[PDB]
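Asker: This is the structure I have questions about; it appears just below.
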Amino acid sequence: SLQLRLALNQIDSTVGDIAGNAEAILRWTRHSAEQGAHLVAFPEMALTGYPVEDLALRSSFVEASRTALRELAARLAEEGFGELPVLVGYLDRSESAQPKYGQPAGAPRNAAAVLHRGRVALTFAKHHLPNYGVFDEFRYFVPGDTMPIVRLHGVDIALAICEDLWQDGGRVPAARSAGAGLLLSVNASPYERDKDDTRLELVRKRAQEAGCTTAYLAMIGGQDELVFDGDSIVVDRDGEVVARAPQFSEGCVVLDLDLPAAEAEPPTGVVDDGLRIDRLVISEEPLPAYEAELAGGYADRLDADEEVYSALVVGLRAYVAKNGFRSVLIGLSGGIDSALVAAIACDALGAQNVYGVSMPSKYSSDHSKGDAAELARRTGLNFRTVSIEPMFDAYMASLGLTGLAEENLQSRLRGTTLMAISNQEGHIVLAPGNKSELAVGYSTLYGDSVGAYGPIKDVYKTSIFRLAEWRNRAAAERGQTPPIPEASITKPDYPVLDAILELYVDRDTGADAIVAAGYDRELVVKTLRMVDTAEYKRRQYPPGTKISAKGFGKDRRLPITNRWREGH
Amino acid sequence: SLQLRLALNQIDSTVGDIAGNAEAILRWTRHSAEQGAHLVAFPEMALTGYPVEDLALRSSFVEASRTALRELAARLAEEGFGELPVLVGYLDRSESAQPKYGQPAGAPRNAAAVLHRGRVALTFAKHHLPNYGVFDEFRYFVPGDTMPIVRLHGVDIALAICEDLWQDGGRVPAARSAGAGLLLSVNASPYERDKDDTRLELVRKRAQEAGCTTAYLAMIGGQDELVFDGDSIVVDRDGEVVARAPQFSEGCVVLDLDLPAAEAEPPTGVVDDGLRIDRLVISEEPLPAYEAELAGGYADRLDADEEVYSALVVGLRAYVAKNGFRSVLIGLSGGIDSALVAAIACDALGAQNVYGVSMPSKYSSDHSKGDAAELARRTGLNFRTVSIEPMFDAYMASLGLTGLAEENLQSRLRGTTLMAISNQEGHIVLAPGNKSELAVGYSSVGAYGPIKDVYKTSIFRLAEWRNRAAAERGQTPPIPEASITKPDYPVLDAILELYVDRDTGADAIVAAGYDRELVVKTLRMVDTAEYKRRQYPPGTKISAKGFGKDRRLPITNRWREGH
């Protein structure tokens, strides 16, 4: 059967940096054309970045998106890629009012276009916009009611965007009745820790369902709280893995495929979900046969610890880099949390760009002071110490604080110290709070409530130990110095606590069901109560890397003012 | 045309306080029945509070709602009110899977029920759950598909909940095609500052469309950033106000109506949106016609400044009280914002429960201290003054900050002070920032921000109104005159209102008459202030379209508005 060479470019866009994203697309297309590619693909919304949020509700950004796509198509042909079809995600809008959905004038569409002959040759838009998920595209977006097909070199190529493939009955069976030979799906899929290979089972099912080879191209990188894992795959007609890209790295997959010829009298008009077939004929004629040397390759998988740790690195790196910043500032208590954050920061930015501050009190211990200095020594960290003891006395003199009030003073001092240093020196403060402390609203003591990014805020304490231990082990595996002091590692209880939180916060099981799983009623009700009342504390917590599907995402929330008590 | 006495109870529920809400519904029913009522109605989601947000998704909470409703009904008759139909809003879940909406059994519903004879005699749930609007029941909730009618003393009374009335072809025409005497709508509508009387506009258009007398009973009170403004209306068949409840007050409307009786053979089956008529009959036979005496009464309308001020008060009062607090702590400079916050707090809690603190630095001016001190005396608040200079010098001794950091240090020092005193004494710190400052990103910390959805231009207007209010009843003007009279703000706020509130673009703001360089600079400032307003405390909303969690921008964002 017919052969074709497809290049899939798993790249990293920056939200709003339209011109810079356009430059990268051009740069990666040239790099693709050199490898003999016949089609070049880029992820969902690659021109604008993702998720773009309320910037989708502005005519100026939509128009900037629209104009730049036209200019990129023209720049492609001017560079001599006018015969080369390039599929690019971008943001568009509906011109008409929408009677069929109930959307006004100029509602945005999550779109993708095929760039050919110095022009925009085809334009379709995401069809399925789910109720669930993180992105509220359902509220505001006009869907595409189109089944986009491209005749290229005798092959019908079907196109889709992300959540299209989540729908039972959408563009996947619509591709079948249109007689697709290759399904090309462009994606921006936020990372989600799961022991299942959710990516493979989705594409497997949908490839057999479409009855053709399915290519799934995904964005990589971090945007605010989210991280895109990459992990692009190609999977064949029978569900077997043709090629697979790495998790959490920029990269290209250029490969040769064997694809069925398209029916010379092909179907037209409405298909499965009510989608009209939008044909575009680049080449009706089959391509001259050539040596199919390239298979794409199966990139090495990451283990559970490595995979999470990588997401954390990419998350933190992107927040720093894409906001203009070079450097971070981390308060060092000698504790396990800060040590893991420092380690993540060194991998993200380089040790030169991470600055540590030890902030001791009069009654703060000597292993606290020591382990911070220890951590500094093994990382290459810019370490310093400033005692909060002088400011403590200054406050205590003209206030006279006792008990709970006087303990809270300590942390606000350290917060102020970190904030003041970063104001002078140009750093971003990192908040050290983990998911366990955040859930129950635990007292920070080193000013966790202060900070601009919280790298481990979605990681349970049980997993913090597991990640630190892996990291130290990862260093030793390659002769490098283990970064985290062992005294930091080895100094209701955490494993039971995190287990109950996982049931309640991530799997949304109630008190009755948690006790039935084998946990003690008193401590269950106490823990849940504490989670519920911690609302206001975590509404005001800094952004950080989300690695779970549901959790403390700003998407779901309890009232602050709330007299409901669980387990009455 | 028949008569019955209708008691509408404009009450304030507390979210999650199901026992306490049931306690309050019982006490208000007592007071309704003692005033000889034939029907008692309560607001939307009254048993539960509103909005409950993610509590709606918990089986434990949903079952606690349903059980309390059954326990309330059974308590009604045990208190000897079993003869009296009482309408209550509450949270329910679907018993069966409804494939029409594709929902599984147990999906949440915003419901209301008629309690009679110690039982739950009729149930129905909201039908229209809009894509737009502040709440998002649209996502999780399953619509009730009935058109409920009550036969009480020969009269057909049709029932609806809030957004049902927003729907063109909703339960409104369905009540006309069912032949209803009275349209009883129970509601929980948040406050929006609008010069138009949108409430009257809605209920007039709908009572005409229904072709009958329509009672819109609304919730009153504060919940987080939302304030419910009460203002219940009754409107006749033709569109004239029969009665009108006060704004921002708990109260009751008890009145008598003239209503058409319905047929001995009334309509049945599918109606307008496919709604099945669910009749409940308490009395088929008409009441012994007697001395019609209660008119209802149209309560006094607040003026624009008073309306906004009441909202701010009710919002603050609720956030203190419902959270088990008694007192607040407000930092005091000379400025207008701190003075107005103090003024609002004193009206909300009593001046005894308001604690002010002046926090002067190395070069803190005399009017700062003077006007702070002034405020305390003409108010009755608890004043104190702690210098931040002892702790400013301790920082600069070991840090040595230049211009950038050392100015910011002062703001953080004051925050630490406020939080420490509140930690010691049990006050809630109040954040003094306004909408104009918050949009731009200027400046701090606290639990509540009473004026955070109020522009600076409106801050003066409200301040001057409050002195004018004091003098109109022979009371001492609370806000110092020098505090009031200390991009320029009115052009700034005009641009912010165009951008933030009316969703107008740069080019169009320029077209409206504003200077391109200033517009661009302002809009740039607003876009980059995102991370600041994300970590800002809650506070009273007065406009549905403004800032909030519904509409937001990315923090990582290299888009720049303007060429």
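Following the order of the structure tokens, first chain is A, next is B, and so on, with residues numbered from 1 inside each chain and ligands from 1 in the order they appear.
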Can you build me a table of chain B residues sitting at most 6 Å from chain A, with the closest atom pair per residue and its distance in Å to one decimal, using only C-alpha atoms, sorted by chain and residue number, as CSV?
Answerer:
```
residue,atom,partner,partner_atom,distance
B:15,CA,A:562,CA,5.2
B:16,CA,A:564,CA,3.9
B:17,CA,A:563,CA,5.2
B:53,CA,A:558,CA,5.8
B:54,CA,A:558,CA,5.1
B:390,CA,A:394,CA,5.8
B:391,CA,A:394,CA,5.0
B:394,CA,A:391,CA,5.2
B:405,CA,A:423,CA,5.1
B:420,CA,A:405,CA,5.7
B:423,CA,A:405,CA,4.9
B:424,CA,A:405,CA,5.3
B:535,CA,A:540,CA,4.5
B:552,CA,A:54,CA,5.7
B:553,CA,A:54,CA,5.2
B:556,CA,A:224,CA,5.9
B:557,CA,A:15,CA,5.3
B:558,CA,A:16,CA,4.8
B:559,CA,A:16,CA,4.2
```
Asker: Hey, what's within 7 Å of range 336-343 of chain A if we count only C-alpha atoms and toss same-chain stuff fewer than 6 positions away? As an mmCIF file with N, CA and C atoms, in the first residue's frame, please?
Answerer:
```
data_model
loop_
_atom_site.group_PDB
_atom_site.id
_atom_site.type_symbol
_atom_site.label_atom_id
_atom_site.label_comp_id
_atom_site.auth_asym_id
_atom_site.auth_seq_id
_atom_site.Cartn_x
_atom_site.Cartn_y
_atom_site.Cartn_z
ATOM 1 N N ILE A 330 14.895 30.300 48.148
ATOM 2 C CA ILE A 330 14.229 29.274 48.942
ATOM 3 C C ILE A 330 14.677 29.387 50.399
ATOM 4 N N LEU A 375 23.040 20.844 52.960
ATOM 5 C CA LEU A 375 22.341 20.819 51.670
ATOM 6 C C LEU A 375 22.996 21.753 50.669
ATOM 7 N N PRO A 432 7.316 26.304 50.192
ATOM 8 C CA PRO A 432 7.690 24.900 50.443
ATOM 9 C C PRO A 432 6.572 23.924 50.862
ATOM 10 N N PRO A 455 6.307 24.596 44.339
ATOM 11 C CA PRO A 455 6.687 23.472 43.471
ATOM 12 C C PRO A 455 6.182 22.101 43.906
ATOM 13 N N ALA A 468 12.625 12.269 47.242
ATOM 14 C CA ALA A 468 13.943 12.625 47.749
ATOM 15 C C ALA A 468 14.873 11.426 47.681
ATOM 16 N N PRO A 483 22.149 15.039 46.548
ATOM 17 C CA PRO A 483 21.905 16.447 46.900
ATOM 18 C C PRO A 483 21.243 16.693 48.245
ATOM 19 N N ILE A 484 20.438 15.742 48.709
ATOM 20 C CA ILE A 484 19.633 15.932 49.918
ATOM 21 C C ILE A 484 20.257 15.189 51.099
ATOM 22 N N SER A 488 17.933 15.028 56.876
ATOM 23 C CA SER A 488 16.684 15.678 56.468
ATOM 24 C C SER A 488 15.595 14.650 56.153
ATOM 25 N N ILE A 489 15.993 13.553 55.507
ATOM 26 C CA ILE A 489 15.092 12.447 55.170
ATOM 27 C C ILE A 489 14.612 11.690 56.413
#
```
Asker: Let's see if you can do this: from backbone DSSP, list all helix (DSSP H, G or I) residues in range 35-182 of chain B, as an NGL selection string.
Answerer: :B and (53-57 or 59-78 or 137-140 or 162-166 or 171-176)
Asker: Just write the chosen residues, N, CA and C atoms, as a compact mmCIF listing (two decimals), in the first residue's frame.
Answerer:
```
# COMPACT_ATOMS: atom_id res chain seq x y z
N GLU B 53 -21.97 25.40 46.93
CA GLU B 53 -20.85 25.04 46.07
C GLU B 53 -20.59 23.54 46.11
N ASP B 54 -19.37 23.12 46.44
CA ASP B 54 -19.04 21.70 46.36
C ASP B 54 -19.67 20.79 47.40
N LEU B 55 -20.32 21.38 48.40
CA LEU B 55 -21.11 20.61 49.35
C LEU B 55 -22.26 19.92 48.62
N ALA B 56 -22.71 20.51 47.51
CA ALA B 56 -23.76 19.91 46.67
C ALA B 56 -23.39 18.54 46.14
N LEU B 57 -22.09 18.29 46.01
CA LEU B 57 -21.56 17.03 45.46
C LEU B 57 -21.35 15.91 46.47
N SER B 59 -22.77 13.15 49.13
CA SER B 59 -23.87 12.32 49.63
C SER B 59 -24.24 12.61 51.08
N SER B 60 -23.22 12.79 51.93
CA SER B 60 -23.45 13.09 53.34
C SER B 60 -24.28 14.36 53.50
N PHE B 61 -23.87 15.43 52.83
CA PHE B 61 -24.60 16.70 52.84
C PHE B 61 -26.01 16.62 52.23
N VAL B 62 -26.12 15.99 51.05
CA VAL B 62 -27.41 15.82 50.38
C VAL B 62 -28.39 14.98 51.21
N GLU B 63 -27.90 13.91 51.84
CA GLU B 63 -28.75 13.12 52.74
C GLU B 63 -29.11 13.88 54.02
N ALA B 64 -28.22 14.73 54.50
CA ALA B 64 -28.52 15.52 55.69
C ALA B 64 -29.61 16.55 55.39
N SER B 65 -29.65 17.03 54.15
CA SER B 65 -30.66 17.98 53.71
C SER B 65 -32.05 17.34 53.67
N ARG B 66 -32.13 16.19 53.01
CA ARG B 66 -33.37 15.43 52.86
C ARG B 66 -33.97 14.94 54.17
N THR B 67 -33.11 14.51 55.08
CA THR B 67 -33.52 13.99 56.38
C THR B 67 -34.07 15.11 57.24
N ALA B 68 -33.39 16.26 57.20
CA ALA B 68 -33.81 17.44 57.95
C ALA B 68 -35.15 17.98 57.47
N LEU B 69 -35.41 17.87 56.17
CA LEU B 69 -36.68 18.26 55.57
C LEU B 69 -37.82 17.39 56.08
N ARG B 70 -37.60 16.08 56.13
CA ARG B 70 -38.56 15.13 56.69
C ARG B 70 -38.74 15.35 58.19
N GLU B 71 -37.65 15.64 58.89
CA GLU B 71 -37.69 15.95 60.32
C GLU B 71 -38.35 17.28 60.62
N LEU B 72 -38.30 18.21 59.66
CA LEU B 72 -38.94 19.51 59.80
C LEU B 72 -40.45 19.37 59.64
N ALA B 73 -40.87 18.70 58.56
CA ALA B 73 -42.28 18.42 58.28
C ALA B 73 -42.96 17.73 59.45
N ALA B 74 -42.33 16.69 59.97
CA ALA B 74 -42.86 15.94 61.10
C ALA B 74 -42.88 16.76 62.40
N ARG B 75 -41.96 17.72 62.52
CA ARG B 75 -41.93 18.63 63.68
C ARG B 75 -43.03 19.69 63.58
N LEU B 76 -43.34 20.13 62.36
CA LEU B 76 -44.43 21.08 62.08
C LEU B 76 -45.76 20.65 62.70
N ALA B 77 -46.15 19.40 62.42
CA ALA B 77 -47.41 18.83 62.91
C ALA B 77 -47.37 18.52 64.41
N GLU B 78 -46.18 18.18 64.92
CA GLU B 78 -45.98 17.93 66.34
C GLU B 78 -46.06 19.25 67.13
N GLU B 137 -24.89 25.41 38.33
CA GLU B 137 -25.61 24.23 38.66
C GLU B 137 -25.78 23.48 37.37
N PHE B 138 -25.48 24.17 36.29
CA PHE B 138 -25.65 23.66 34.96
C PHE B 138 -24.80 22.43 34.80
N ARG B 139 -23.57 22.52 35.28
CA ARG B 139 -22.63 21.40 35.26
C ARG B 139 -23.13 20.16 35.99
N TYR B 140 -23.48 20.31 37.26
CA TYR B 140 -23.67 19.15 38.11
C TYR B 140 -25.11 18.77 38.35
N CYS B 162 -36.30 30.56 41.06
CA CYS B 162 -35.35 31.53 40.49
C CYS B 162 -35.16 31.58 38.96
N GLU B 163 -34.17 30.86 38.44
CA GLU B 163 -33.79 30.97 37.03
C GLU B 163 -34.81 30.35 36.06
N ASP B 164 -35.79 29.62 36.59
CA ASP B 164 -36.95 29.16 35.83
C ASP B 164 -37.64 30.32 35.11
N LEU B 165 -37.74 31.45 35.81
CA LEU B 165 -38.35 32.67 35.28
C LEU B 165 -37.51 33.36 34.20
N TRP B 166 -36.22 33.02 34.11
CA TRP B 166 -35.34 33.62 33.11
C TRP B 166 -35.58 32.97 31.75
N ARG B 171 -41.29 27.60 33.00
CA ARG B 171 -42.43 27.22 33.83
C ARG B 171 -43.51 28.32 33.89
N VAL B 172 -43.17 29.51 33.39
CA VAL B 172 -44.12 30.63 33.28
C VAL B 172 -45.30 30.33 32.32
N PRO B 173 -45.03 30.13 30.99
CA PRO B 173 -46.15 29.80 30.11
C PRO B 173 -46.79 28.46 30.45
N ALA B 174 -45.99 27.58 31.06
CA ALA B 174 -46.46 26.29 31.54
C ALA B 174 -47.49 26.44 32.65
N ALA B 175 -47.42 27.54 33.39
CA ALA B 175 -48.39 27.81 34.45
C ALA B 175 -49.67 28.40 33.86
N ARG B 176 -49.52 29.14 32.76
CA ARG B 176 -50.67 29.69 32.03
C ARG B 176 -51.46 28.56 31.38
```
Asker: Could you give me, as a ChimeraX atom specification, the residues within 10 Å of residue 97 in chain B, counting only C-alpha atoms and dropping anything in the same chain fewer than 4 positions from it?
Answerer: /B:101-107,142
Asker: Deliver the residues from the most recent selection as a file, using N, CA, C and O atoms, as a PDB file, in the first residue's frame.
Answerer:
```
ATOM      1  N   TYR B 101     -31.377  13.852  30.341  1.00  0.00           N
ATOM      2  CA  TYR B 101     -30.228  14.706  30.622  1.00  0.00           C
ATOM      3  C   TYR B 101     -28.956  13.867  30.758  1.00  0.00           C
ATOM      4  O   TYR B 101     -27.862  14.408  30.933  1.00  0.00           O
ATOM      5  N   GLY B 102     -29.123  12.547  30.657  1.00  0.00           N
ATOM      6  CA  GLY B 102     -28.023  11.587  30.715  1.00  0.00           C
ATOM      7  C   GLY B 102     -27.356  11.542  32.072  1.00  0.00           C
ATOM      8  O   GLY B 102     -26.140  11.374  32.168  1.00  0.00           O
ATOM      9  N   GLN B 103     -28.158  11.699  33.120  1.00  0.00           N
ATOM     10  CA  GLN B 103     -27.646  11.801  34.479  1.00  0.00           C
ATOM     11  C   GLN B 103     -27.900  10.518  35.251  1.00  0.00           C
ATOM     12  O   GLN B 103     -28.969   9.921  35.122  1.00  0.00           O
ATOM     13  N   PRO B 104     -26.911  10.088  36.055  1.00  0.00           N
ATOM     14  CA  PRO B 104     -27.110   8.922  36.912  1.00  0.00           C
ATOM     15  C   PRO B 104     -27.905   9.282  38.162  1.00  0.00           C
ATOM     16  O   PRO B 104     -27.967  10.458  38.545  1.00  0.00           O
ATOM     17  N   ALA B 105     -28.509   8.266  38.777  1.00  0.00           N
ATOM     18  CA  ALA B 105     -29.249   8.416  40.028  1.00  0.00           C
ATOM     19  C   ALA B 105     -28.331   8.938  41.129  1.00  0.00           C
ATOM     20  O   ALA B 105     -27.273   8.363  41.394  1.00  0.00           O
ATOM     21  N   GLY B 106     -28.734  10.042  41.749  1.00  0.00           N
ATOM     22  CA  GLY B 106     -27.936  10.669  42.793  1.00  0.00           C
ATOM     23  C   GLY B 106     -27.318  11.991  42.382  1.00  0.00           C
ATOM     24  O   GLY B 106     -26.572  12.589  43.159  1.00  0.00           O
ATOM     25  N   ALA B 107     -27.615  12.442  41.163  1.00  0.00           N
ATOM     26  CA  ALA B 107     -27.162  13.753  40.687  1.00  0.00           C
ATOM     27  C   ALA B 107     -27.919  14.861  41.430  1.00  0.00           C
ATOM     28  O   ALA B 107     -29.135  14.745  41.633  1.00  0.00           O
ATOM     29  N   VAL B 142     -29.240  18.098  37.962  1.00  0.00           N
ATOM     30  CA  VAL B 142     -30.256  17.545  37.064  1.00  0.00           C
ATOM     31  C   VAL B 142     -31.615  18.252  37.241  1.00  0.00           C
ATOM     32  O   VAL B 142     -32.205  18.213  38.327  1.00  0.00           O
TER      33      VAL B 142
END
```
Asker: What's around range 302-309 of chain A at 10 Å? Count only C-alpha atoms, leave out sequence neighbours fewer than 6 positions away in its own chain, and write the answer as a ChimeraX atom specification.
Answerer: /A:191-195,229,246-248,315,340,344,347,456,459,463-464,466-471,474,547
Asker: Kindly indicate which residue among B:375, B:22, B:91, B:329 lies nearest to residue 58 in chain B, using only C-alpha atoms for the distances.
Answerer: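 The shortest atom-to-atom distance to residue 58 in chain B comes from B:91.
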Asker: Please report the interatomic distance between CA of residue 362 in chain B and CA of residue 403 in chain B in Å with one decimal.
Answerer: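 Distance reported for this atom pair: 14.6 Å.
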Asker: Write out as a PyMOL selection string the residues lying within 6 Å of range 234-247 of chain B, counting only C-alpha atoms and excluding same-chain residues fewer than 3 positions away.
Answerer: chain B and resi 204+207-208+211-215+229-231+296-299
Asker: How would the residues just picked look written out with N, CA and C atoms as a tab-separated table (two decimals), in the first residue's frame?
Answerer:
```tsv
chain	number	residue	atom	x	y	z
B	204	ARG	N	-42.71	41.85	36.29
B	204	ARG	CA	-43.79	42.45	35.50
B	204	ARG	C	-44.00	41.67	34.20
B	207	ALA	N	-45.37	38.06	35.02
B	207	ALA	CA	-46.74	37.97	35.55
B	207	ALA	C	-47.77	38.22	34.44
B	208	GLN	N	-47.37	39.04	33.47
B	208	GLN	CA	-48.15	39.28	32.26
B	208	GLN	C	-48.14	38.05	31.37
B	211	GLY	N	-50.08	35.56	32.97
B	211	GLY	CA	-51.46	36.03	33.07
B	211	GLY	C	-52.06	35.79	34.44
B	212	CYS	N	-51.25	35.94	35.49
B	212	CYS	CA	-51.73	35.83	36.87
B	212	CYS	C	-50.87	36.57	37.90
B	213	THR	N	-51.34	36.58	39.14
B	213	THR	CA	-50.62	37.16	40.27
B	213	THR	C	-49.37	36.33	40.59
B	214	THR	N	-48.23	37.00	40.70
B	214	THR	CA	-46.94	36.35	40.86
B	214	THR	C	-46.16	36.88	42.07
B	215	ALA	N	-45.84	35.99	43.01
B	215	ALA	CA	-45.02	36.35	44.17
B	215	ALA	C	-43.57	35.84	44.08
B	229	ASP	N	-30.13	40.50	48.36
B	229	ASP	CA	-30.68	41.81	48.67
B	229	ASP	C	-32.16	41.81	49.00
B	230	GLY	N	-32.72	40.63	49.25
B	230	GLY	CA	-34.15	40.49	49.55
B	230	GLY	C	-35.03	41.06	48.47
B	231	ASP	N	-35.82	42.08	48.84
B	231	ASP	CA	-36.64	42.86	47.91
B	231	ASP	C	-37.70	42.02	47.19
B	296	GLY	N	-50.33	44.42	52.40
B	296	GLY	CA	-48.95	44.06	52.09
B	296	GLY	C	-47.99	45.20	52.36
B	297	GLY	N	-48.23	46.34	51.73
B	297	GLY	CA	-47.41	47.53	51.94
B	297	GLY	C	-46.12	47.55	51.13
B	298	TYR	N	-45.88	48.68	50.48
B	298	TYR	CA	-44.70	48.90	49.65
B	298	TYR	C	-43.63	49.60	50.51
B	299	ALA	N	-42.58	48.86	50.88
B	299	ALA	CA	-41.49	49.40	51.70
B	299	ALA	C	-40.64	50.43	50.94
```
